[PDB]
Amino acid sequence: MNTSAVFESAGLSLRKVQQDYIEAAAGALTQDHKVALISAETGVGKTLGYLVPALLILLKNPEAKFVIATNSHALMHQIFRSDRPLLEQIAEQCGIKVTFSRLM
Amino acid sequence: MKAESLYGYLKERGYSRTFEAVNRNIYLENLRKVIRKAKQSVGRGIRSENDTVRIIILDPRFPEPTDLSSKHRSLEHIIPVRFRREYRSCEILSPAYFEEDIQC
Amino acid sequence: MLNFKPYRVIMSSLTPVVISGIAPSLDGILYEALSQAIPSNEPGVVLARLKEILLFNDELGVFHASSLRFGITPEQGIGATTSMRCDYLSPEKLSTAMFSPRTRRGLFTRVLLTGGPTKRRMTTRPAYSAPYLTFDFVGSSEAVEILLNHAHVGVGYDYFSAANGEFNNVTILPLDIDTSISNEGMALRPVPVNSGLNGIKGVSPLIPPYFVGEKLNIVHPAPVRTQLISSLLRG
Amino acid sequence: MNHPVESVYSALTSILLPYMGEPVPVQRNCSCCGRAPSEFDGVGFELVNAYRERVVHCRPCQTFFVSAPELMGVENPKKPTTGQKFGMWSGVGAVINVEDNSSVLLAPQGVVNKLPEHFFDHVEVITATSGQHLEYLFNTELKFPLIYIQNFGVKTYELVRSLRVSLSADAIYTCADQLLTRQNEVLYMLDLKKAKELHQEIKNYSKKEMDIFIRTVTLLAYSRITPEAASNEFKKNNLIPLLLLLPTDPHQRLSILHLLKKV
Amino acid sequence: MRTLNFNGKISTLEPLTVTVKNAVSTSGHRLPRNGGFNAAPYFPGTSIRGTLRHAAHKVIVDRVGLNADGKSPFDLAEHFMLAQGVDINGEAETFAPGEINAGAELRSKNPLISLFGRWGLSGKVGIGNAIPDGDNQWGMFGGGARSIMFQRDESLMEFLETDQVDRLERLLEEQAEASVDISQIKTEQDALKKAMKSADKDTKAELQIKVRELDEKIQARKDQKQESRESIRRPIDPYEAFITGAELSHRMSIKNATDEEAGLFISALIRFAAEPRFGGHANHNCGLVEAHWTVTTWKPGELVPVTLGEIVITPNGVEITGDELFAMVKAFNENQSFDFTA
DNA sequence: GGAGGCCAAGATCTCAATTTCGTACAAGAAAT
Ligand SMILES: [Zn+2]
């Protein structure tokens, strides 16, 4: 739906491997009380993989806030340096412009 | 410790499994975590689409391409699928039975 | 209807493989597997769905699915085993609880297991026990992998009854050249005689199932073919 | 009419017509060969076997169940009034020349002894056991097409349904009273052309070299030695040209090796 | 009409052994190997298929029950049709060989024959070999020896009269004499095996026939023993079995299955769990298994498995899981249309 | 008194041979 155009029309380098993960993650997150199981190797930007679906769902009942659990500074503070200068762009183009969180 | 604890829990719960079966189950689970850890290790080589990494496995127990009946046959799953051709076309430092068998 | 690439599928042989004269072709295995997946004993629908996952040679009438070729390693090679079906007339099978035997003087007439229509059938069948079975085919890799891994198909004869030719660890690897029908003029599958491919003359249908329909003159490879596993994985 | 059982009947068991009897016309396909009555001219032999089963035999099939003690001798002294039956012979082979209609009966010495002298007039009987059948096939100049009943056996139904005419020396069908399905014809296919050329080339190799070759191939066919070890033995003993003559089928390898170890 | 694939694991409660003519040689009892002695053995799918067919036959007889006379309604012909699948009376529906889908009437009326075919009619139940998952999951079990009871315990000699303590002394002297003789005869036999190794071919055939005369001499010395015929102090050869708690992977499948045939199969599995015994050496309790089967099916129109339930056979009970499995079992139980007869 | 039902004989023979899985690290807490 809008996600793909607002991604590529934002200048961001959408990949073929990215679209299937975006759609699968969003569709799995639609199912309430179910659990999603994904392997996404290096190259799919799993951060974005489970971030763009969060903004697709945000369109519906945007009050819903999302927790992103992480292991360590190995993967945390990559998301800080990715979601701020990559996601906020499409969020702007998607009008979402939502606020980030830190709970470390 | 894990073997005896799990055997204790399966003996109090009532499951009639031998201790050897539990040892094999924990061994398989450890093998799975080994495959995951080595997948992380291989993931440390590539982090960008332009990366070109020479992966050197000096372990004699890594399965050769030709030895499909090797005990650790799962261990080529550390290699991504997209490089499995390079797994099949690889340089072996200390190969075995590199002669030609006439009973082809 | 789908794009088809030349793939080679190699599976670890768990059971000896009873070869029914002609080498078992991968299209027959896939036809059994699709006969299960979509439950159908009607050949037409199963053939139609097989064409959706396997390439079909219209000018020859055959599927791009080479016959069985045993992959032999330097440790284990092709071996001559006997797939042996024996009737087991257990003491519970020879009991009045299951059936009413003919009676004389209160004595139950014993079953003549030595000879006769009620004998202990001892059916021995040549089987070949090689470490790996390899087939070459042109088709959809995901579909064939799903069928071979999660369907009750084996290689050889009577896998649905004798569990002969059970395989696991199905590995599909892409090939560079189509070696499913022909290889340097040597037929790798049952092909019609008019194809000009040289091999072993025989009588069989071309398309599966290979026990129905008119059995026409074909050229088929050596029933037992062996290759080094290294040469098969060379691609 | 045009079936292997008719060929063996005319060649070999047409000697027991005078003790066979007049057929009784029937309406069902012969239970022994299984073929339809369209070629039996509508007639047949009605018979009951030792299991009390109503069985129809055609003119060729019935010959295997005929008791002719005055021609074939007494098979068991405890039952004098029944003689040797072609369908009850075990360890007895026969080569039927279909075109010539002549037959040679490869019987063991005991069977030859039991046969009266009148039998040898109609049928040329050579004293040979089941082990010397391959010797006779190897040495003698066979005339094709032929039917090679390796073992008449007692399972007459499986012998008749196993009868295959051997059109040439490349594929000689050894019918041994075991049902010749397409799954076990490899055990019953004798590739005498290849066996003969392999025996011709075995002459160039020493006795020890040929024993080593045979043992290596037998062990490999039974998967007792690794292919690497077998290849090492072949290369060290220079047996590769022998191996190039071997069929890739291990059962065919075992058959031809049995043939070599017989000759 | 759904192809139920049962995939799952058989855990071996007591060692799982089977005697196969090719597998067993004079070297000893070995499991079928599919290769050399170094290969991984497999429990044949034929033995499991026969066990499940026998269990299904027991289910069918119990469901039919007995007549008013207390005798089973099945005769020898019907019994062999349901157990071994071969026609003994020559009265069977000889369907045309070119009709893959033939026998629908017999398949509906006889679900046992439908699952496990008869001759001339393909079956619908395909049982697989129990493939071990490990590398050292088999071994030489059983064996031991048949110790003489009176040379082990002397308490058992206070219960024999002198006329039998002298028959014991005579049977032990006969055993020792015979074992010495057989020992020297086997020594000469092995020297003859060596001369076959030579195979000088001068008189090899005669050497074989004298070896045969020697086996006959073994049987003569072993008929001279007039108190016993076999040496009682016998070392028992071990049989090869899968180790206790061996995880063997098993694929079974019913293809194009009606709810009635599938329900009959599940009832056969349920009854088999009463005596979950595979293979032989039941004297040593060999063959006791507990097995969990994940019953999957193929999605209509796609190549995807959908899980319908699990069949967990354990010594604690059979845990049928999934509503469709219960529906199949109830459909088989409730159908009063089966005529397991001619 | 002809139908079962059990039991003994039929001559020959192929061939093949074994010695021990896996040995760790992190990072990161509002606590059990
Ligand atoms: Zn006939």
# chains A, B, ... in the order shown; residues from 1 in each chain; ligands from 1

$ closest_atom_pairs --of "chain F" --to "chain E" --cutoff "9 Å" --atoms "only C-alpha atoms (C1' of nucleotides)" --output "Markdown table"
| residue | atom | partner | partner_atom | distance |
| --- | --- | --- | --- | --- |
| F:16 | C1' | E:25 | CA | 8.6 |
| F:17 | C1' | E:27 | CA | 6.4 |
| F:18 | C1' | E:37 | CA | 6.7 |
| F:21 | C1' | E:135 | CA | 8.0 |

$ residues_near_ligand --ligand "ligand 1" --cutoff "6 Å" --atoms "only C-alpha atoms (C1' of nucleotides) and all ligand atoms" --output "list in words"
residues 30, 32, 33, 34, 57, 58 and 61 of chain D

$ select_by_dssp --residues "region 95-248 of chain D" --states "strand (DSSP E)" --output "PyMOL selection string"
chain D and resi 95-97+103-107+124-127+146-149+172-175+189-190

$ write_last_selection --atoms "C-alpha atoms" --output "mmCIF file, in the first residue's frame"
data_model
loop_
_atom_site.group_PDB
_atom_site.id
_atom_site.type_symbol
_atom_site.label_atom_id
_atom_site.label_comp_id
_atom_site.auth_asym_id
_atom_site.auth_seq_id
_atom_site.Cartn_x
_atom_site.Cartn_y
_atom_site.Cartn_z
ATOM 1 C CA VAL D 95 17.683 -74.920 -22.907
ATOM 2 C CA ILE D 96 14.944 -74.722 -25.548
ATOM 3 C CA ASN D 97 15.962 -73.786 -29.089
ATOM 4 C CA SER D 103 15.872 -78.964 -26.402
ATOM 5 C CA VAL D 104 18.720 -80.008 -24.114
ATOM 6 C CA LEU D 105 17.934 -81.099 -20.548
ATOM 7 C CA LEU D 106 20.591 -80.158 -17.967
ATOM 8 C CA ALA D 107 19.714 -82.634 -15.215
ATOM 9 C CA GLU D 124 19.054 -85.188 -25.273
ATOM 10 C CA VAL D 125 19.965 -85.166 -21.571
ATOM 11 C CA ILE D 126 23.346 -83.920 -20.338
ATOM 12 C CA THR D 127 24.403 -84.672 -16.768
ATOM 13 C CA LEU D 146 16.056 -69.670 -26.903
ATOM 14 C CA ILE D 147 14.351 -70.215 -23.552
ATOM 15 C CA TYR D 148 16.738 -70.985 -20.680
ATOM 16 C CA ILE D 149 14.804 -72.500 -17.768
ATOM 17 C CA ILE D 172 19.693 -64.540 -21.499
ATOM 18 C CA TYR D 173 16.714 -64.897 -19.158
ATOM 19 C CA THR D 174 17.482 -67.501 -16.471
ATOM 20 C CA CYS D 175 13.995 -68.691 -15.547
ATOM 21 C CA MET D 189 19.425 -61.788 -16.687
ATOM 22 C CA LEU D 190 22.596 -63.558 -17.830
#

$ interface_residues --of "chain B" --to "chain D" --cutoff "9 Å" --atoms "only C-alpha atoms" --output "list in words"
residues 97, 99, 100, 101, 102, 103 and 104 of chain B

$ closest_atom_pairs --of "chain E" --to "chain C" --cutoff "6 Å" --atoms "only C-alpha atoms" --output "tab-separated table"
residue	atom	partner	partner_atom	distance
E:3	CA	C:36	CA	5.7
E:34	CA	C:129	CA	5.1
E:35	CA	C:129	CA	5.4
E:45	CA	C:163	CA	5.2
E:46	CA	C:162	CA	5.3
E:71	CA	C:100	CA	5.8
E:72	CA	C:99	CA	4.8
E:74	CA	C:99	CA	4.7
E:75	CA	C:100	CA	5.1
E:76	CA	C:101	CA	5.9
E:79	CA	C:99	CA	6.0
E:88	CA	C:117	CA	4.7
E:98	CA	C:212	CA	5.1
E:101	CA	C:41	CA	5.5
E:126	CA	C:160	CA	4.3
E:128	CA	C:163	CA	5.1
E:255	CA	C:36	CA	5.4
E:256	CA	C:39	CA	4.8
E:298	CA	C:37	CA	5.5

$ atom_distance --atom1 "CA of residue 317 (chain E)" --atom2 "CA of residue 17 (chain B)"
15.0 Å

$ residues_around --residues "residue 14 (chain E)" --least-positions-apart "5" --cutoff "9 Å" --atoms "only C-alpha atoms (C1' of nucleotides)" --output "PyMOL selection string"
chain E and resi 242-245+284-289

$ closest_residue --among "C:204, C:182, C:194, C:12" --to "chain B" --atoms "only C-alpha atoms"
C:12

$ closest_residue --among "B:31, B:22, B:46, B:93" --to "chain F" --atoms "only C-alpha atoms (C1' of nucleotides)"
B:31
